[PDB]
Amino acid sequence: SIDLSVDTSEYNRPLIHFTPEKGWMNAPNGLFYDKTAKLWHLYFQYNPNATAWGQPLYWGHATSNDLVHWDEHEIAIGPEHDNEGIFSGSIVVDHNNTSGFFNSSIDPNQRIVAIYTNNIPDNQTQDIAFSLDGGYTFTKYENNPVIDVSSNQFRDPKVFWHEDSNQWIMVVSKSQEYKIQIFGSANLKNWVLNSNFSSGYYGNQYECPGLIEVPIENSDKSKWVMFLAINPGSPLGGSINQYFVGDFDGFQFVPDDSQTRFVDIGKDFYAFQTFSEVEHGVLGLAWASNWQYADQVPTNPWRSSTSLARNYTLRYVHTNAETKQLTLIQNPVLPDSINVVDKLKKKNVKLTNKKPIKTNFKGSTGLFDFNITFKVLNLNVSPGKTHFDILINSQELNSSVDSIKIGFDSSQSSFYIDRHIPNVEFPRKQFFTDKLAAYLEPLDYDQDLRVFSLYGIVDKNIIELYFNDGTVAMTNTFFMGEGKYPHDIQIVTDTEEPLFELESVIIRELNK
């Protein structure tokens, strides 16, 4: 039952991360681009009747021309009964009408088919539905389900057209068997199981798989990347996304190695999905929370945002001094529709305890970004001082300032976040990990000096960090006290002489 009396929006509703106006949101679904309308479509696991997961569960729907400003629509798909759910799935555009649902009056770029998990008591099946109006309303296929294996742990179909083998491909999870199942189909209705894939960090269950061709930077080559969500049992606690790099022939995915790697090593990036019908590269986003505490965080009358849309590539990067690995790179999608309210620019700054960088903006939108390239100098300092810190400070409210801290330690070659906020309490905060680290090799070397970069964006209750031009991504929510939100940024150190040179510093106040 949503309490419309208490609205936390003013201080903790993100400006450029999608949130439903009210109710509960989890996994993003049916992500696609309408080439005719030039519209991005976001669907999502949606309970409008509470700020927690519940059935009946629907596909919510929003559209955007630029992946930052969203317009929320009426519910797109709903269950047959109150004790049922339209669980996760995906959308394809059936340009050549292989499904037989579309006539000449439906533009080929708008021949929209949803493939989703129908959840009923003791049964999960893969069902389809078609939209004749650009993805706003759907008709369920008469002969659903299209796949039934008599299981209650069988969900999250990601479907794509595979040109090379001239067929539809589904990757779907046999969740508690720890198997990604690869099915093939000529018409999206009649499916054949081609192979099973089992690898990486199993945790409790497999969920929301994905399989897509990702370009290698500065080349004409590409690799197939298999995405996989696990929850619970993440090594960081709760829910997390992992990936595998290799090749696909339409029947089997063959990884290049047997290594485990995570997509994002924050706590709050789960159920990642890619957009269908992108013409250049790979774009996707995730649900920006963690199953451990998502339904308890102090937001109202909604819970959950998505991450920003991110652009995915592969790059050879040093994982140690000697060895390079083909690694998943992600950078945020931030178009010119984002307004810069104010900015601080500094160059070649030798950081010390008497030379802090402090923003002095007139007001605050609660939306900021910081772009920093730094070099570690050859200075011996005591071990408590081998670091610098970016402080994100609230306004002073009732005599107190709340803040979160993003730092780098030169002795550990590791970034860290501390999202610990004194006095803010909510159920299951025992699982709300406060301190997270990311080890990185230098981005570059300036003679013998190690060079690193960091891009960060803060949007009222969520922070996204991208280290070394997207080599590592870390997504984390944070909850300041009632009425408090980000207002100013400081960069500080305790070193008396310079250990860090900030070659370039850009801190901007942004708005929609």
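Residue indices: 1-based, along the sequence shown.
When 350-358 is weighed against 124-132, 350-358 comes out higher, by mean CA B-factor as recorded in the entry. Higher mean CA temperature factor, per the PDB entry, when comparing 91-99 with 302-310: 91-99.
Taking the PDB entry at face value, the top CA B factor among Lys189, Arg419, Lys179, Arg315 belongs to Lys189. For the set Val68, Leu57, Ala27, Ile457, the maximum C-alpha B-factor listed in the entry falls on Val68. Per the deposited record, the Cα B-factor of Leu449 falls in the highest third when ranked against the other modelled residues of its chain. In this PDB entry, the Cα temperature factor of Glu482 sits in the top third of its chain's modelled residues, the highest group.
When the modelled residues of the chain are ordered by their C-alpha B factor, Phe262 lands in the lowest third. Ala37: CA B factor in the highest third of modelled residues in this chain (values from the PDB entry).
Among the modelled residues of its chain, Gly203 has a C-alpha B-factor that falls in the lowest third according to the deposited record.
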